[PDB]
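The next block holds one structure in the form of structure tokens; read it before the comments.
Number of protein chains: 2
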Amino acid sequence: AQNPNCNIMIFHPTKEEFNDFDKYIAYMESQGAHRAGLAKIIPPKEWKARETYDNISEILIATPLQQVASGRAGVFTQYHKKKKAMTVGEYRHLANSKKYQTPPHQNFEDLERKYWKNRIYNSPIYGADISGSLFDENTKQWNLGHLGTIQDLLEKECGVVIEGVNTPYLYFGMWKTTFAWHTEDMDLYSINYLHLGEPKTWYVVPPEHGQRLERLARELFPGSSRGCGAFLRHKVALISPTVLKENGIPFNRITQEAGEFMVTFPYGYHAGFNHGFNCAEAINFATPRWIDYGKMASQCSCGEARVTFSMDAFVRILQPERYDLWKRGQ
Amino acid sequence: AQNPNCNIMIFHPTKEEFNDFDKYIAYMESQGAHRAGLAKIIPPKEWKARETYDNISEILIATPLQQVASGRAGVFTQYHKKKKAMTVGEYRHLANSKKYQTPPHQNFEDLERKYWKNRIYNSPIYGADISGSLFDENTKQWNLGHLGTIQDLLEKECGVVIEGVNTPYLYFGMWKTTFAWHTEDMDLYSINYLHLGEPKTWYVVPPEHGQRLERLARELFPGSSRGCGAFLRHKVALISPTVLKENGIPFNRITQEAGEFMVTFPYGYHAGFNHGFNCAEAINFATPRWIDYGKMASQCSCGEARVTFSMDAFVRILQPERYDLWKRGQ
Ligand SMILES: O=C(CCCc1ccccc1)Nc1cnccc1C(=O)O
Ligand SMILES: O=C(CCCc1ccccc1)Nc1cnccc1C(=O)O
Ligand SMILES: [Fe+2]
Ligand SMILES: [Fe+2]
Ligand SMILES: [Zn+2]
Ligand SMILES: [Zn+2]
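For the record, the sequence lines run as chains A and B. Just add 2 to wherever you are in the first sequence, counting from 1, and you've got our numbering. Just add 2 to wherever you are in the second sequence, counting from 1, and you've got our numbering.
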């Protein structure tokens, strides 16, 4: 068994190795990368996502989300309050303002301490889930807008043609903007490229221990748990590394910097925060190894969790028994 | 299963919890601490090993050992060259001299980098394995000179009375002084208290993965491996964290500071280095759970490894089949 401690692995593909996405994901897994639930990939020195980021101020964030916290410092829920549209130029200026800017800090460790101590007392604004891409059309390797689709993977493995098209999303962040504990829709993989700006810190639980996190979550958020058997799908629940330690939940942490890829693996619970103004791009993907996770994925049928048009087909084909109840749920 | 990632756990016993050594070791293990191979224990704020360290300059280091390296930066062997006796006062002055002092550095991470890059190009002097204790006679808790003996544990578990008496050892360190990869004699536990001075960085492999380290060691030190089936017992072999990563060996690292205890668990391979002038005290101990490790411990019978008077009895009772060949070995 490779990577039995489930450590987060960091990869440095050569230009040649960076030419076949599926092959390299399979290679990473042959080294046990998936057992951590998250891997970092540093692209070849000669590679670039696009020429410059000089002309991105005019992107619209149609619905910025103010992330409002309830609970205690290390155990809280966050709800998203919709705000008026703003351009990325306006957003960046807001992120850099005295009210929202990254505070003085010694290092990543000091900033993490400040995040968990102080996060709940501020309400940062997140420009999340914006359909689009910042990869140059001519970028041929690891272009998140040119990956093979989940629908084609499911067709290749199961011999069934289905509707749907999955495309990338942009995320414009500032200090304290947060992603709550979750696995991907249908326990898919995700790939995240940090285009520019300040770092993003990640926490992850190994897939083999995901049910331990779920059990702790039910204990820590009893109301939410009664409401929905898969409430973590709502992406509202935060639990600090201190609280995870106290409860013996195995986990790992790593900081992603601009120019680096992170891949999350099937059923790898993850959460994190942004250090300051930044922009990331992400998309879900699948491999043959995902199919069995897709079949076993928990579903929110309470109506809260956002269902994409594409997920109908995944549930319909992989989870026919669950399909009706899930459908009437939302 | 507690601590399935085999993370090094840090404990903060209260004064009340610090009153029963065996009980607290058992508690730590009930939380899965042993799976890492190493745990840190921070004593209660009210506890002290002794009043001051003002009067320790007159301790004699009868045989200081100059640690001379051969091999490459990340894979080397060290031999111990005997030097003339010196007092701890003289040793401390040598450790603080321009030739031997800790170099300027940003943090522990920068110093670790410097250690592994530069260790082989210098020959620091180690005052190791000095029989004695710096615990005050009146220190009633976690006094390493007042622990129950291995001989009494073996008697309590196996009903056999044996000769021998195990006592503590002092270690006077300076920058770059090194302990090579090893498990304890008879795969016993050890406890190490850092009395004073600069830190000690530890690396450890989880006991469940010890044979992976051994296999890599045989590959990296082929000559030594041919010479002795348990050559790591010689305590001469160093392998850097970079090399361990490259070869997929699961391991963890932690830095011990003055006033802190480290416990190594049965068959937990460990290695490390001192940051600067310091003084540690250590002793081996046993629990009921050790007996089965004692029975399976590998032995050096090539004559190189130092056998204590006490180990005869352990091998004689726990490994009667191996006893003859081991005895003629040394
Ligand atoms: O889920 C999110 C943003 C939150 C989406 C959401 C949740 C609830 C309500 C509205 C929007 N973001 C990520 C997820 N997984 C990995 C990384 C991120 C990220 O923010 O870079
Ligand atoms: O083994 C040693 C010192 C080397 C003993 C030795 C080896 C070979 C030849 C002479 C002396 N030291 C430790 C072992 N295990 C944990 C910690 C230490 C330590 O130096 O604090
Ligand atoms: Fe995600
Ligand atoms: Fe040791
Ligand atoms: Zn729900
Ligand atoms: Zn030997």
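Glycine included, every Cβ here is placed at the ideal spot set by N, Cα and C.
beta-carbon residue i near ligand 5 non-hydrogen atom, thresh 7 Å
i                     : result
residue 184 (chain A) : no
residue 233 (chain A) : yes
residue 36 (chain A)  : no
residue 236 (chain A) : yes
Cβ separation of residue i and residue j, assumed to be a contact under 8 Å, to the nearest whole Å
i                     : j                     : result
residue 166 (chain A) : residue 288 (chain A) : Rounded, the Cβ-Cβ distance is 12 Å, inconsistent with contact.
residue 18 (chain B)  : residue 26 (chain B)  : About 10 Å; that fails the 8 Å criterion.
residue 284 (chain B) : residue 171 (chain B) : 6 Å
residue 145 (chain B) : residue 137 (chain B) : 4 Å
residue 97 (chain B)  : residue 196 (chain B) : No, residue 97 (chain B) and residue 196 (chain B) are not in contact; Cβ-Cβ is about 15 Å, not under 8 Å.
residue 279 (chain B) : residue 94 (chain B)  : 5 Å
residue 317 (chain B) : residue 324 (chain B) : 6 Å
residue 21 (chain B)  : residue 108 (chain B) : The pair is not a contact, with the Cβ atoms about 40 Å apart (cut-off 8 Å).
residue 130 (chain B) : residue 183 (chain B) : That pair is no contact at about 16 Å.
Range of the contiguous beta strand (DSSP E) that encloses residue i
i                     : result
residue 272 (chain A) : 271-276
residue 11 (chain A)  : 11-13
residue 184 (chain B) : 180-184
residue 282 (chain A) : 280-287
residue 264 (chain B) : 263-266
residue 134 (chain B) : Run containing residue 134 (chain B): none; DSSP gives neither H nor E here.
residue 211 (chain A) : Element bounds for residue 211 (chain A): n/a, residue is neither H nor E.
residue 171 (chain B) : 171-175
residue 258 (chain A) : 254-258
residue 43 (chain B)  : 40-43
Interface flag, residue i vs chain E, CB-CB below 8 Å
i                     : result
residue 208 (chain A) : The structure shown contains no chain E; its protein chains are A and B.
For residue i, the three-state DSSP class (helix, strand or coil)
i                     : result
residue 244 (chain A) : helix
residue 118 (chain A) : helix
residue 197 (chain B) : strand
residue 316 (chain B) : helix
residue 139 (chain B) : coil
residue 20 (chain B)  : helix
residue 71 (chain B)  : strand
residue 308 (chain A) : coil
residue 192 (chain B) : strand
residue 82 (chain A)  : strand
residue 27 (chain B)  : helix
residue 219 (chain A) : helix
residue 146 (chain B) : coil
residue 232 (chain A) : coil
Limits of the alpha helix (DSSP H) - the one that residue i falls within
i                     : result
residue 152 (chain A) : 152-160
residue 293 (chain B) : 293-298
residue 226 (chain A) : 224-229
residue 95 (chain A)  : 90-97
residue 331 (chain A) : 322-331
Check: residue i C-beta below 7 Å from any heavy atom of ligand 2
i                     : result
residue 173 (chain B) : yes
residue 131 (chain B) : yes
residue 119 (chain A) : no
residue 100 (chain A) : no
Residue i beta carbon near ligand 6 (any heavy atom closer than 7 Å)
i                     : result
residue 299 (chain B) : no
residue 216 (chain B) : no
residue 306 (chain B) : yes
Residue i: CB within 7 Å of a non-hydrogen atom of ligand 4
i                     : result
residue 192 (chain B) : yes
residue 266 (chain B) : yes
Heavy atom of ligand 1 within 7 Å of residue i beta-carbon
i                     : result
residue 138 (chain B) : no
residue 83 (chain A)  : no
residue 42 (chain A)  : no
residue 67 (chain A)  : yes
residue 116 (chain A) : no
Contact test: residue i Cβ vs ligand 3 heavy atom, cutoff 7 Å
i                     : result
residue 272 (chain A) : yes
residue 179 (chain A) : no
- Query: If you pair each beta-carbon of the stretch 37-52 of chain A with each one of the stretch 64-77 of chain A, do three or more pairs fall below 8 Å?
  - Reply: no
- Item | Touch test, the stretch 257-274 of chain A against the stretch 76-84 of chain A, Cβ-Cβ under 8 Å, three pairs minimum | no
- Message: Check whether the stretch 96-108 of chain B and the stretch 170-183 of chain B are in contact - that is, three or more C-beta pairs closer than 8 Å.
- Response: yes
- Specify whether the stretch 256-264 of chain B and the stretch 190-203 of chain B touch according to this definition: at least 3 beta carbon pairs, one from each stretch, less than 8 Å apart. The stretch 190-203 of chain B and the stretch 256-264 of chain B touch, with three or more beta-carbon pairs separated by less than 8 Å.
- Task: Inspect the CB distances between the stretch 203-220 of chain B and the stretch 244-252 of chain B and report whether three or more fall short of 8 Å.
- Result: yes
- Item | Sufficient close CB pairs (3 or more, under 8 Å) joining the stretch 218-236 of chain A to the stretch 284-303 of chain A | yes
- Message: With a threshold of 8 Å, are at least 3 pairs of Cβ atoms found where one atom belongs to the stretch 152-162 of chain A and the other to the stretch 110-119 of chain A?
- Response: no
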